[PDB]
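Have a look at this one:
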């Protein structure tokens with residue numbers, strides 16, 4: 741209810758309505774990203790993450813401003834801070850996304867197939883992210 745505690749002071754009764762929009766209005770990605778960096782990459786939990794308010804329009808945009817902020821956490830004991838994000842680098846498309854490979858991405863291991871595949875995919879959005887950076 742911290743959000744409910746935050747939304748309450750955020751304005753009276755109509756706040757419950759603005760609670761749903763303002764939830765993802767800022768970050769549906771950084772929210773995911775920090776969470777994806779926090780513990781779990783599971784899309785089902787990601788659904789259950791935003792299912793606590795009010802469909803896939805949240806997970807649709809999850810593919812671009814999104815990918816950027818996830819790369820802004822890179823900072829031995831912090832060696833996995835890269836790994837946790839490094840695993841978030843492998844995972845991508847709807848085929849690979851919609852399935853339990855989302856929980857298998859963190860199993861990295864990394865296929866030699868993708869090694870040339872996502873390099874094409876990151877280079878697709880490599881320019882867009884800097885358009886957000888710059």
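Residue numbers (the entry's author numbering): 741 to 751, 753 to 795, 802 to 810, 812 to 823, 829 to 861, 863 to 888. Virtual Cβ for every residue (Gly too), placed ideally from N, Cα, C.
Spanning the alpha carbons of residue 810 and residue 845 requires a straight line of approximately 7 Å.
Within the model, the alpha-carbon separation for residue 865 versus residue 808 is close to 26 Å. If you compare the alpha carbons of 814, 851 and 859 with that of residue 835, the shortest gap goes to 859. In the structure shown, the three-state DSSP call for residue 753 is coil. Looking from the CA of residue 746, the closest CA among 760, 804 and 755 belongs to 760. A direct Cα-Cα distance of roughly 20 Å separates residue 832 from residue 857. Contact between residue 841 and residue 818 holds, with the beta-carbon distance rounding to 6 Å and staying under 8 Å. If you ignore the 5 residues before and after residue 774, its C-beta comes within less than 7 Å of the C-beta of 817 and 818, all in its own chain and listed in chain order.
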